[PDB]
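Taking it in order: structure first as structure tokens, then the write-up.
All Cβ positions, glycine included, derive from the backbone under ideal geometry; neighbour counts span all protein chains shown. Bear in mind that the values in this text are calculations on the coordinates, not laboratory data.
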Amino acid sequence: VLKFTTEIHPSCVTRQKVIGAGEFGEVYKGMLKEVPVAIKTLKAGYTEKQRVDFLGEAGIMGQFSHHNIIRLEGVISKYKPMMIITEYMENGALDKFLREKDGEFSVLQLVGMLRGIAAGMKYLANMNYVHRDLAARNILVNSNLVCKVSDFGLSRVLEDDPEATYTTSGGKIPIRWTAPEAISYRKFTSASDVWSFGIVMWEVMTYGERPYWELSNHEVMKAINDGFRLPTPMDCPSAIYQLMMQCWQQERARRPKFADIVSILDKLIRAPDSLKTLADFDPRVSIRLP
Ligand SMILES: Cc1cccc(Cl)c1NC(=O)c1cnc(Nc2cccc(C(=O)N[C@@H]3CCNCC3(F)F)c2)s1
């Protein structure tokens with residue numbers, strides 16, 4: 001897969017600002033000889049596994065060509081430190097973006113973000129790629145408000161995400177984003193990604209609220225097994241809440257496919273008055289005045 005990738009010479013790459021970090025490398029904003037890029041490094045002393053996982057992310061990204069999937073510019077593999085270079089998403093991770101922009105977008109803009117995410121996910125699913133870690137923290141946002149799916153690879157995806165925790169039976173999983181069958185018996189498919197997408201829908205419509213609030217991981221699993229689901233966000237179109245609820249069907253076969261999700265979101269956006277009908281919000285506070 002690396003043969004598809006452009007090998008970039010180090011002298012074309014200028015790292016400027018540190019935007020992400022880890023123990024074995026950092027992510028930078030930089031310039032590529034005259035365009036802005038993001039640059040992820042892998043420090044010397046890396047293991048064979050680290051090299052295979054690191055370059056494997058670029059290999060996977062290089063197989064994709066879609067508006068809603070992060071674009072690979074190239075790799076530096078013949079010099080050290082090794083680097084992966086992608087387009088630069090000016091607004092960063094979607095979860096933090098929404099929390100910093102609380103209430104600043106229209107309902108139509110929020111639904112448009114979800115349509116872009118769904119289109120990227122439909123592409124991945126049809127390319128036989130199961131994400132396993134779909135969440136707003138793994139979506140990136142550009143200066144056109146376009147949302148693109150990121151975080152690709154094999155074992156590195158769940159291993160590197162601190163939201164993914166060790167379960168009781170083994171399996172490092174981000175519990176509150178993960179479908180029941182993936183938690184219970186390790187069955188990760190595009191239909192478990194659809195469950196996760198429903199959680200992403202709730203994250204977007206709430207401007208980055210943490211799913212299930214302070215419930216512990218076990219409390220979340222128990223609640224889901226007992227039939228409870230996340231309540232409607234504030235100011236949420238009825239059609240949007242209905243859609244996220246169908247993503248959370250216990251029976252995998254009853255969930256919409258991403259093809260269905262993209263179609264529904266596209267129809268709602270193209271007839272935007274449909275989004276004015278709101279699901280009832282259950283208030284958690286009563287304010288009474290004479
Ligand atoms: C360079 C690269 C290699 C392999 C995979 C990927 Cl997806 C990438 N590209 C990126 O990480 C990025 C592309 N554009 C980015 N823009 C950006 C700008 C400002 C802040 C953030 C941001 O929230 N970045 C996340 C925060 C969590 N840690 C990883 C991070 F990238 F730093 C992102 S990061």
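Relative to the Cα centre, the charge distribution of the chain, modelled as +1 at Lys and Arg Cβ and -1 at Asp and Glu Cβ, gives a dipole magnitude of about 500 debye.
Per-residue 3J(HN,Hα) values for the stretch 170-179, derived from phi via the Karplus relation 6.51 cos²θ - 1.76 cosθ + 1.60 with θ = phi - 60°, read x, x, 8, 9, x, 3, 6, 9, 9, 5 Hz in sequence order (x marks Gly and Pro). Whole Å is fine, so just give me how far the alpha carbon centre of the stretch 211-290 lies from that of the stretch 1-47. The stretch 211-290 and the stretch 1-47 have Cα centres spaced 38 Å from each other. What does the C-alpha gyration tensor say about the overall shape of the stretch 106-176? Classify as rounded when a/c is under 1.5, otherwise prolate if a/b is larger than b/c, or oblate. Prolate, because a/c is 1.5 or more and a/b exceeds b/c.
Which shape class, rounded, prolate or oblate, goes with the stretch 1-89 when its Cα gyration tensor gives a ≥ b ≥ c as root eigenvalues, a/c under 1.5 marks rounded, and past that a/b bigger than b/c marks prolate? Rounded.
The amide H of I8, built 1.01 Å from its N in the peptide plane, has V75, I76, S77 as neighbours under 5 Å, considering only residues 5 or more places off or on other chains. Annotated for the stretch 90-290: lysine pairs at least 8 residues apart or interchain, Cα distance under 20 Å, count 13. Computed with the Debye formula from one identical point scatterer per Cα of the stretch 90-290, without solvent, the log10 of I(q)/I(0) at q = 0.18 Å⁻¹ comes to -1.36.
Taking other residues whose beta carbon is less than 12 angstrom from the beta carbon of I117, and scoring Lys, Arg as +1 and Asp, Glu as -1, yields +1. Peptides 203-211, 15-23, ordered by how many other C-beta atoms sit within 10 Å of their residues on average, highest first, read 203-211, 15-23. Each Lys and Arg contributes +1 and each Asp and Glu -1, all at the Cβ; summed about the Cα centre of the stretch 8-113, the dipole is approximately 420 debye.
Derived scalar couplings between HN and Hα for the stretch 64-71 equal 10, 9, 8, 3, 9, 10, 3, 8 Hz in order, rounded to whole Hz, by the Karplus curve 6.51 cos²θ - 1.76 cosθ + 1.60 (θ = phi - 60°), x for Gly and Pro.
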